[PDB]
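Protein chains: 2
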Amino acid sequence: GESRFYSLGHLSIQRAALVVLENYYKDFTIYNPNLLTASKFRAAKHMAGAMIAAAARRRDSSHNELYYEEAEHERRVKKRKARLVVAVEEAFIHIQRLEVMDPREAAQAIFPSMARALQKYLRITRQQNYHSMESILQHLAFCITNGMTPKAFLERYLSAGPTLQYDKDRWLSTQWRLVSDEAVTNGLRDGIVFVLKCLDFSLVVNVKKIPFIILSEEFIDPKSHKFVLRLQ
Amino acid sequence: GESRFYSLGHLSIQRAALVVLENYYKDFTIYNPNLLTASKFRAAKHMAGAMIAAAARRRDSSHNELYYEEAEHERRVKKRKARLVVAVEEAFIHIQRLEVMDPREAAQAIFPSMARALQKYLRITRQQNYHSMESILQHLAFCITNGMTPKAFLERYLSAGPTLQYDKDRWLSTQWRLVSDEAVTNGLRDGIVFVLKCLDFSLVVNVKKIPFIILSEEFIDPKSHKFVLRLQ
Numbered sequence: 260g261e262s263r264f265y266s267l268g269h270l271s272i273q274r275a276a277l278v279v280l281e282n283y284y285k286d287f288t289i290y291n292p293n294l295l296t297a298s299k300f301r302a303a304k305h306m307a308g327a328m329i330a331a332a333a334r335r336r337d338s339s340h341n342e343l344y345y346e347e348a349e350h351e352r353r354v355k356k357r358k359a360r361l362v363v364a365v366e367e368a369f370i371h372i373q374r375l386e387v388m389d390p391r392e393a394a395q396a397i398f399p400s401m402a403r404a405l406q407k408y409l410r411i412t413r414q415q416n417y418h419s420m421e422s423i424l425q426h427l428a429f430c431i432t433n434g435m436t437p438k439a440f441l442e443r444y445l446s447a448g449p450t451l452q453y454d455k456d457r458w459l460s461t462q463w464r465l466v467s468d469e470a471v472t473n474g475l476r477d478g479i480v481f482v483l484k485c486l487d488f489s490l491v492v493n494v495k496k497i498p499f500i501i502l503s504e505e506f507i508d509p510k511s512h513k514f515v516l517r518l519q
Numbered sequence: 260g261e262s263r264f265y266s267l268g269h270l271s272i273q274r275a276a277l278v279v280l281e282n283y284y285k286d287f288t289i290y291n292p293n294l295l296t297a298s299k300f301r302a303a304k305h306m307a308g327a328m329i330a331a332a333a334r335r336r337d338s339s340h341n342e343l344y345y346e347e348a349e350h351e352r353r354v355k356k357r358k359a360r361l362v363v364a365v366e367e368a369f370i371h372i373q374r375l386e387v388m389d390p391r392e393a394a395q396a397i398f399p400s401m402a403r404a405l406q407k408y409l410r411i412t413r414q415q416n417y418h419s420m421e422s423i424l425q426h427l428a429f430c431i432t433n434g435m436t437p438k439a440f441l442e443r444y445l446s447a448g449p450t451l452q453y454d455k456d457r458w459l460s461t462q463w464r465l466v467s468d469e470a471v472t473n474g475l476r477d478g479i480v481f482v483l484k485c486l487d488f489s490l491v492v493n494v495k496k497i498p499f500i501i502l503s504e505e506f507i508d509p510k511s512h513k514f515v516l517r518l519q
């Protein structure tokens, strides 16, 4: 359901879809199917077992497992995040900017003191398929080279991040499908919907005309900004 | 499961059971069947739906509804308790020790400013069958007579309290049954079990001999209490 709004001029549905995909790779967090499986297993668990309003009334009166599981998961993520911050700070303190070694070997030197905390954080945030050890070592040597702090190294891993952070095979720009009820060479107009389908997800794009705006002046006298100590 | 230990001499099982029942009416909180129905409905909900160890493993790995429901119930009880304390304090502040009225009419005057908070607290703590409005008004006039504070009035209602606080019909001393594997005129000895059955509950009493204790002196020289500033 991640959603962003974009302004476009007179483009065709093709070219509007192209600008939408540019902004998709720049702006949306990367598609993670592992963040979606909890809702699927919850719906399948409901599949394991007038009347439709009473069943909803019995559901909403029951114990909400989801609230407490989300609070407990958020607490575990904050704990693993604090462990990871401490591990990466005490890993970066082990080397000095100045045995002499290049940033790749310095990254390989200080990585075993942060590796387990990062592995546990990427498992709890379901990001472990996105970062191989080679990728983490390359980004580690990158941050050691450019004088970046532990938090600046760690911002790649703390949040989801957009699609272009990741490896070039993890995004796939050749597998895009454009669904439209009309010809895609037609220009945009108010109320059309076109869908940009990837292999698992889709970008549902509905187009609205930017409204006709009427401006008018009104004069505020700058002498009319007088205030009193009386209460209002 | 409420349990207390008592020391007794050479009594018969009859007379030991009598002393146990004296201490029952003095010491144990009153039998409340409404505090027991949650476990019964939970066991019936398990009745609604090698392998016995794997089922226990799947149970203990699941979401514990009971922990969060007990925490939420304890939070609601603390909130209703705070409402009740504020209501009874601002009820007792409405009259003065000195229209002139006796403590019964003063109790009836200040009771509608505390009645709803007390009703909600007795419902959330499942004590509403134990206190009629007449009983609360008599105890209210009792505390107004004797110069007792709001908290001293309220301690009858905040906790469960023993069986002799309550009305004389709510305890029932004529319906006691003594179960014993031997003759009840026999004296107590080590390891006997006798059961005192009421209509719904029972007092399971197992008797242990108080052990043979061997004392000895050892001499500690009061000059040998010398200490040093050195760390230990």
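Read top to bottom, the protein sequences are chains A and D.
The deposited numbering puts the first sequence at residues 260 to 308, 327 to 375, 386 to 519.
The deposited numbering puts the second sequence at residues 260 to 308, 327 to 375, 386 to 519.
Every residue, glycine too, gets a C-beta built ideally from N, C-alpha and C.
So for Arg301 (chain D), helix, strand or coil by DSSP? Taking the second sequence and counting its residues from 1, the one referred to as residue 301 (chain D) is at position 42. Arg301 (chain D): helix per DSSP, three-state reduction.
Suppose the cutoff is 6 Å on Cβ atoms and the five residues either side in sequence are ignored; what does the same chain contact list for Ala364 (chain A) look like? Taking the first sequence and counting its residues from 1, the one referred to as residue 364 (chain A) is at position 87. The answer, listed in chain order, is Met401 and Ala404.
Just checking, does the segment 442-458 of chain D make contact with the segment 280-291 of chain D on the three C-beta pairs under 8 Å criterion? yes
Over the uninterrupted alpha helix (DSSP H) stretch that includes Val494 (chain A), give me the two end residues. For this step, residue 494 (chain A) is matched to residue 207 along the first sequence. DSSP places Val494 (chain A) outside any alpha helix (DSSP H), giving it a letter other than H or E.
Taking the alpha-carbon positions, what's the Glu504 (chain A) to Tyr417 (chain A) distance? Along the first sequence, read from residue 1 onward, the residue named residue 504 (chain A) stands at position 217. Along the first sequence, read from residue 1 onward, the residue named residue 417 (chain A) stands at position 130. Cα-Cα distance, rounded: 54 Å.
Measuring only the C-alpha atoms, how far is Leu427 (chain D) from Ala368 (chain D)? The residue given as residue 427 (chain D) occupies position 140 in the second sequence. The residue given as residue 368 (chain D) occupies position 91 in the second sequence. Rounded to whole angstroms, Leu427 (chain D) to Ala368 (chain D) spans 11 Å at the Cα level.
Go through the segment 391-446 of chain D residue by residue and report every complete run of the alpha helix (DSSP H) that reaches 4 residues or more, in order. 402-411, 420-432 and 437-445
Can you find at least 3 beta carbon pairs, one from the segment 507-517 of chain A and one from the segment 262-272 of chain D, that sit closer than 8 Å? Result no; under three Cβ-Cβ pairs closer than 8 Å.
CA nearest to the CA of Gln425 (chain A), picked from A:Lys496, A:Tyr283, A:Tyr453 and A:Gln273: Against the first sequence, residue 425 (chain A) aligns to sequence position 138. Closest by alpha carbon: A:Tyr453.
Do we get a CB-CB distance below 8 Å when we pair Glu342 (chain D) with the residues of chain A? Reading the second sequence from its first residue, position 65 is the one you call residue 342 (chain D). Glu342 (chain D) counts as touching chain A.
Once DSSP output is grouped into helix, strand and coil, what is the label at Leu465 (chain D)? In the second sequence, counting from the first residue as 1, residue 465 (chain D) sits at position 178. Reduced to three states, the DSSP call for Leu465 (chain D) is strand.
Less than 8 Å between CB atoms is the rule here; does residue 383 (chain A) satisfy it with respect to chain D? Between 375 and 386 the numbering of chain A has a gap, and residue 383 (chain A) falls inside it, with no coordinates.
Determine the DSSP secondary structure at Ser511 (chain D), reduced to helix, strand or coil. Taking the second sequence and counting its residues from 1, the one referred to as residue 511 (chain D) is at position 224. DSSP places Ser511 (chain D) in helix when its eight states are reduced to three.
Contact list for the segment 343-356 of chain D against chain C, Cβ threshold 7 Å: In the structure shown, chain C cannot be found, because the protein chains are A and D.
With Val480 (chain A) as the anchor, note down where its beta strand (DSSP E) starts and where it stops. Your numbering for residue 480 (chain A) matches position 193 in the first sequence. It spans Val480 to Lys484 - the beta strand (DSSP E) in which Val480 (chain A) sits, taken as one unbroken run.
Starting from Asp337 (chain A) and walking both ways along the alpha helix (DSSP H), at which residues does that stretch end? Here residue 337 (chain A) is taken as the residue at index 60 of the first sequence, counted from 1. Taken as a continuous stretch (DSSP letters only), the alpha helix (DSSP H) holding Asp337 (chain A) covers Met328 to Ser338.
Can you tell me where the alpha helix (DSSP H) holding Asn473 (chain D) begins and where it ends? Position 186 of the second sequence, counted from the first residue, corresponds to residue 473 (chain D). Where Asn473 (chain D) is concerned, there is no enclosing alpha helix (DSSP H), given that its DSSP letter is neither H nor E.
Candidates A:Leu475, A:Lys407 and A:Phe440: closest to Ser422 (chain A) by CA position: Your numbering for residue 422 (chain A) matches position 135 in the first sequence. With distances taken between Cα atoms, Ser422 (chain A) lies closest to A:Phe440.
Assumed close pair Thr436 (chain A), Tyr283 (chain A) - CB separation to whole angstroms, cut-off 8 Å: Start at 1 with the first residue of the first sequence, and residue 436 (chain A) comes out as number 149. Start at 1 with the first residue of the first sequence, and residue 283 (chain A) comes out as number 24. The beta carbons of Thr436 (chain A) and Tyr283 (chain A) sit about 30 Å from each other, so the pair does not count as a contact at 8 Å.
Leaving out five residues before and five after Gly474 (chain A) in sequence, what residues of the same chain have Cβ atoms less than 6 Å from its Cβ? The count along the first sequence starts at 1 and reaches residue 474 (chain A) at position 187. Excluding residues within five positions, the ones whose Cβ falls inside 6 Å are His269 and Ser271.
Return the residue from the list A:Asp487, A:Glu469 and A:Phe488 that minimises the CA-CA distance to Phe481 (chain A). Mapped onto the first sequence, residue 481 (chain A) falls at position 194. Of the candidates A:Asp487, A:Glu469 and A:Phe488, the one whose C-alpha sits nearest the C-alpha of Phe481 (chain A) is A:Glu469.
Determine the extent of the alpha helix (DSSP H) in which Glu261 (chain A) is found, giving its start and end residues. Start at 1 with the first residue of the first sequence, and residue 261 (chain A) comes out as number 2. Careful: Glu261 (chain A) lies outside any alpha helix (DSSP H) and carries neither H nor E.
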